[PDB]
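One chain follows as structure tokens, the form deposited in one PDB entry.
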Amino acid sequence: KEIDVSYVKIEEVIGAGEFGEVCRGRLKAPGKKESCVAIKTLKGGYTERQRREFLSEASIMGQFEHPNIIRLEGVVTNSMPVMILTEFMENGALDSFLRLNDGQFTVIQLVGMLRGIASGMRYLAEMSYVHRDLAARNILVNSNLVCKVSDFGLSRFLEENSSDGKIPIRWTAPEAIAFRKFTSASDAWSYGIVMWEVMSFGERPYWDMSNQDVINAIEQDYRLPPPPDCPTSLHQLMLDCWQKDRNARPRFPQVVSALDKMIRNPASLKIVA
């Protein structure tokens, strides 16, 4: 939906994306209370393919409604700069939010975050939407610590296209890297890496290993070890997500069910390696 630019006030530049700035501001439309929004801008000097690539993210988001998927408020297209407005997530990207708060949230809180991400993914899979870039950097966190999935776009990765973005190797399931077969099952592998990011308070998956070191290690049966203090039951769910055979990995409803069980039985989280 097209938003009248008079309805929008931009307050502060809070980040950068691929095509421009990310800002915090305020949306106020006739008949509605004023709300806080995030605003992605696309200023002059862009091509129309890029304009449509930019705006595709809004088209896709506008197809979804779920409490763990970032909500679109609208777009500004008949004015400059071109804008996408979403709900504002006050704590920003999860990886950096966790590094900032290293060791400061309880296991139960971290499992609740992971449950939120899994529910988002459960919804997307149900919608037959394959995310392809599921990583803690793409999870946004509000002031109540509710985690929501973000980063929507359907553009092939560069390796999928003419001979003459790149695949996020560290998050990507082996068959997806080898064959570019991206499915909800390859998203479940990425979710496993996200679990590890969360329980490690935002450490980089595979530390300093090169992308090709990662590819080889995984092919040769290596899997990330439990982060420090990580409950064994969470690490095992990670290992389930990391099965080489994609059909053996848990589907997202099963992932959510497993996390809900943990939350109902928090004593089980006390078993650590």
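Throughout, rigid core stands for the largest set of C-alpha atoms superposing within 1.5 Å between the two forms. Don't overthink the numbering: it's just position in the shown sequence, from 1.
In at least one third of the other compared structures of this protein with flanking residues present, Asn161 is left unmodelled. Compared with other PDB entries of the same protein, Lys40 is present in all of those that resolve the residues around it, none of them, let alone a third, dropping it. Between 185-193 and 75-83, it is 75-83 that carries the larger average Cα temperature factor according to the deposited entry.
A summary of the deposited B-factors shows that, of 153-161 and 169-177, the stretch with the larger mean C-alpha value is 153-161. In the deposited coordinates, the residue among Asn68, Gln212, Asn247, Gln236 with the greatest CA B-factor is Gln212. In the PDB entry, a CA B factor belonging to the lowest third of its chain's modelled residues is recorded for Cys241.
Ranked by Cα temperature factor within the chain, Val255 sits in the lowest third according to the deposited record.
Here the subject shifts to the form deposited in another entry, a form of this protein not shown in this document.
For the set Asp229, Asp240, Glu34, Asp213, a Cα shift of at least 2 angstroms between the shown form and the other one, after rigid core superposition, holds for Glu34 and for no other residue. Once both forms are fitted on their core, the CA shift for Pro253 between the shown form and the other one remains under 2 Å.
In a rigid-core overlay of the protein, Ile263 has its C-alpha displaced by under 2 Å between the shown form and the other one.
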